[PDB]
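Read through the structure below, which is laid out as C-alpha cells, and then see the notes.
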Amino acid sequence: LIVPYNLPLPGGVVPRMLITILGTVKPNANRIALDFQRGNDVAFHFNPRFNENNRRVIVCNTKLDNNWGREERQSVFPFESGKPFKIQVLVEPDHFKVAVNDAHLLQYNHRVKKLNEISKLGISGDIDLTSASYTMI
Ligand SMILES: OC[C@H]1O[C@@H](S[C@@H]2O[C@H](CO)[C@H](O)[C@H](n3cc(-c4cccc(F)c4)nn3)[C@H]2O)[C@H](O)[C@@H](n2cc(-c3cccc(F)c3)nn2)[C@H]1O
Ligand SMILES: [Cl-]
Numbered sequence: 114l115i116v117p118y119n120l121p122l123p124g125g126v127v128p129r130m131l132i133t134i135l136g137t138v139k140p141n142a143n144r145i146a147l148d149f150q151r152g153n154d155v156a157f158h159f160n161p162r163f164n165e166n167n168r169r170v171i172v173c174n175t176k177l178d179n180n181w182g183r184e185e186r187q188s189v190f191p192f193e194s195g196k197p198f199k200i201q202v203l204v205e206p207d208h209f210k211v212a213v214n215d216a217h218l219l220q221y222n223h224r225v226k227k228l229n230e231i232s233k234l235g236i237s238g239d240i241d242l243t244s245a246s247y248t249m250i
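Following the authors' numbering, the numbering of the sequence shown begins with 114 at its first residue and continues without gaps.
Rendered as C-alpha cells:
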C-alpha cells in the first residue's frame, strides 16, 4: 500500500472494533504515526520516534483546534528498524488499547468523546505498509 495511507472508518469507531496494521519498518527509520481523525482534529496520535535526543520513545497525544495537548510518553519501544511489525488497536469503552507483535503496549484514555465522529485513520512515516484493516470482535 502507498504511504501516507488513509483508512476510512465508516460510521466512526465503536467499542469492540479491532484495527490491524501490518508492515515493515524501513532501515534508518525516524518516525511512524497513526492519526485517528475527527475532521481536522486528531483524536489519537500514536507516534513512535526512533531518535529523540538519542532515545527511542512513543509519544501519544490529541490535537484540538490545531493545538496539541499534554503528551503521554511510553519508553517501552517494540519497533525495530528493518523489521516487520503488527500493530493492533482495540477500541474499548474508555480507551484505545494498543498491542504490538501480540504484546500489550499501552492504553490511551478517550479525550475526544464523540467516538462515532472519529471516521478516518491516517498512517504515515518510515514504513512499508502491507495491510491495514478492521474487524469487529
Ligand atoms: O505532541 C505530539 C506532537 O509533537 C510534535 S513535536 C513536540 O513539539 C513541542 C514544541 O512545540 C515539544 O518540544 C514537544 N516535546 C518534547 C518534549 C520532551 C520531553 C522529554 C525529552 C525530550 F527530548 C523531549 N516534551 N514536549 C515535542 O514532542 C510533533 O511535531 C507533532 N507531529 C508529528 C508529526 C508527524 C508527521 C509525519 C510523520 C510522523 F511520523 C509524524 N506531525 N506532527 C506531534 O507528534
Ligand atoms: Cl468530543
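We put the CB at the ideal spot given by N, CA and C, even for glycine.
Span of the beta strand (DSSP E), counted from its first residue to its last, around residue i
| i | result |
| --- | --- |
| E165 | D154 to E165 |
| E185 | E185 to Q187 |
| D207 | Segment: none, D207 is in no beta strand (DSSP E) and carries neither H nor E. |
| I231 | No beta strand (DSSP E) holds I231; DSSP gives it neither H nor E. |
| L219 | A216 to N222 |
| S244 | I240 to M249 |
| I145 | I145 to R151 |
| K139 | Here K139 belongs to no beta strand (DSSP E), and DSSP marks it neither H nor E. |
| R168 | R168 to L177 |
Assumed close pair residue i, residue j - CB separation to whole angstroms, cut-off 8 Å
| i | j | result |
| --- | --- | --- |
| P197 | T137 | 5 Å |
| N174 | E165 | Rounded, the Cβ-Cβ distance is 14 Å, inconsistent with contact. |
| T133 | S246 | 6 Å |
| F157 | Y118 | Not quite, the Cβ-Cβ distance comes to about 16 Å (not below 8 Å), so this is no contact. |
Residue nearest to residue i in terms of C-alpha spacing, selected from the options
| i | options | result |
| --- | --- | --- |
| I200 | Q187, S244 and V225 | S244 |
| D148 | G195, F163 and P121 | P121 |
| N153 | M130, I115 and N179 | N179 |
| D241 | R186, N141, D207 and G125 | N141 |
| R144 | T248, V170 and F157 | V170 |
| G195 | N167, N214 and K139 | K139 |
Chain-order list of residues whose beta-carbon lies under 8 Å from that of residue i (same chain, five-residue window excluded)
| i | result |
| --- | --- |
| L218 | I171, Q187, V189, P191, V211 and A212 |
| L131 | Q201, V202, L203, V204, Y247, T248, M249 and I250 |
Beta-carbon contacts of residue i that lie in its chain and below 6 Å, excluding the five residues immediately before and after
| i | result |
| --- | --- |
| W181 | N174 |
| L135 | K199, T243 and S244 |
7 Å Cβ shell around residue i - same chain, five flanking residues per side excluded
| i | result |
| --- | --- |
| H223 | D207 and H208 |
| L177 | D154 |
- prompt: So does the segment 123–130 actually touch the segment 228–237, counting three or more Cβ pairs closer than 8 Å?
  reply: Contact holds: three or more Cβ-Cβ distances are below 8 Å.
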